[PDB]
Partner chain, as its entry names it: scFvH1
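Taking the form deposited without the partner chain, here's one chain by itself in structure tokens.
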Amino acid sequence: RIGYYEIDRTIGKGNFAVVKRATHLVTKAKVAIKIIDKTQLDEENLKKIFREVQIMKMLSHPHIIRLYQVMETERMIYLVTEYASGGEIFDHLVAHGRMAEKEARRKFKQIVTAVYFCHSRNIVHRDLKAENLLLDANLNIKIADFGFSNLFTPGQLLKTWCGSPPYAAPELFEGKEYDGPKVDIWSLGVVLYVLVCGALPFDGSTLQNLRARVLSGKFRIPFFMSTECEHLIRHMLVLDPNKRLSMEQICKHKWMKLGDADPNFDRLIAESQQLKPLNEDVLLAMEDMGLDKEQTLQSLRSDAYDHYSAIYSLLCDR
């Protein structure tokens, strides 16, 4: 037990972190808690985790994992998030293999909504990979690991070479300054390919081999891949960043449009395209628990991600 949380499973173990499932003992919500030992952490790694957390706080969206609370001790950091009860896409692909385009379109449309929203808030992910995508109880997408993400100014070039080589755009291998979104659009091309094909478009027995594959820009279209799907991927996996589809063009592609109507997609993409409240009954419910409404409002106003913020948010998403 950790504050208001009862831990009931360990689901992750990597980096300097362990992730557990927990239950919030007031709201009954299932959460994931990532526990980071700072006594393992290097100086720049702490500056990384700090930026990761700051970016996650900027992102409230249906297809992005939601951060609810930060707890910090002298020794440990605790990050409490929405729990994705479907697991990772990796395990789904191991279990069931390459997805039918019907399935791939549903999920990719959800991925695109999430990434488009990041861009609308001047965030680039810069590490989009299929395998690490999370799934909720209905196998709906939630995008996670923002460990390589950053703020960008539209038009500005970035100069940190990051992410996983199989998903990395050629200009990242080449050590060029890069447009943030165009890097994400390349990664999206590889993720779409993986979902439909169950394999990577660019691969190799060494990183040197793989690097040459990416810079070549050639990949195999399998017999089972539709003409429309092929066209989408080929318009994302273009060597010149400037000849890649925009996010706006990706949403409009004919592969997206065929199949069942999709009001949520269009609504979410519309919301991301915009330029320009307090729930009183939540505040009252909290007050009747024994949380003073003054400290709750202070916690909310300061963007604290503390005990009171968590409970406010967890109740509102219920």
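What we label the rigid core is the largest C-alpha set whose atoms superpose within 1.5 Å from one form to the other. Positions refer to the first chain, counted from 1.
Just so it is clear, the following notes concern the form deposited with the partner chain bound, a form of the same protein that is not shown.
May I ask whether 51, 62 and 135 all come within 4.5 angstroms of the partner chain in the entry with it bound, judged by heavy atoms? Looking in the entry with it bound, the three residues 51, 62 and 135 all stay beyond 4.5 Å of the partner chain (heavy atoms).
Please tell me which of 241, 201, 170, 147 lies within 4.5 Å of the partner chain in the entry with it bound, judged by heavy atoms. It is 201.
4.5 Å heavy atom contact, residue 213 and the partner chain in the entry with it bound: Although the partner chain is absent here, residue 213 would touch it in the entry with it bound, with heavy atoms inside 4.5 Å.
Just checking whether residue 235 would be counted as a contact of the partner chain in the entry with it bound - the rule being heavy atoms within 4.5 angstroms. No.
Do residue 155 and the partner chain come within 4.5 Å of each other in the entry with it bound, heavy atoms counted? Contact check for residue 155: no, nothing within 4.5 Å of the partner chain in the entry with it bound.
I'd like to know whether residue 175 contacts the partner chain in the entry with it bound, with contact meaning heavy atoms within 4.5 angstroms. Residue 175: no contact with the partner chain in the entry with it bound.
Residues in which of 138-146, 203-211, 108-116, 243-251 have heavy atoms within 4.5 Å of the partner chain in the entry with it bound? It is the stretch 203-211.
Residue showing a 2 Å-or-more C-alpha displacement between the shown form and the other one once the rigid core is overlaid, selected from 256, 65, 32, 282: With the rigid core fitted, the residue that moves is 282.
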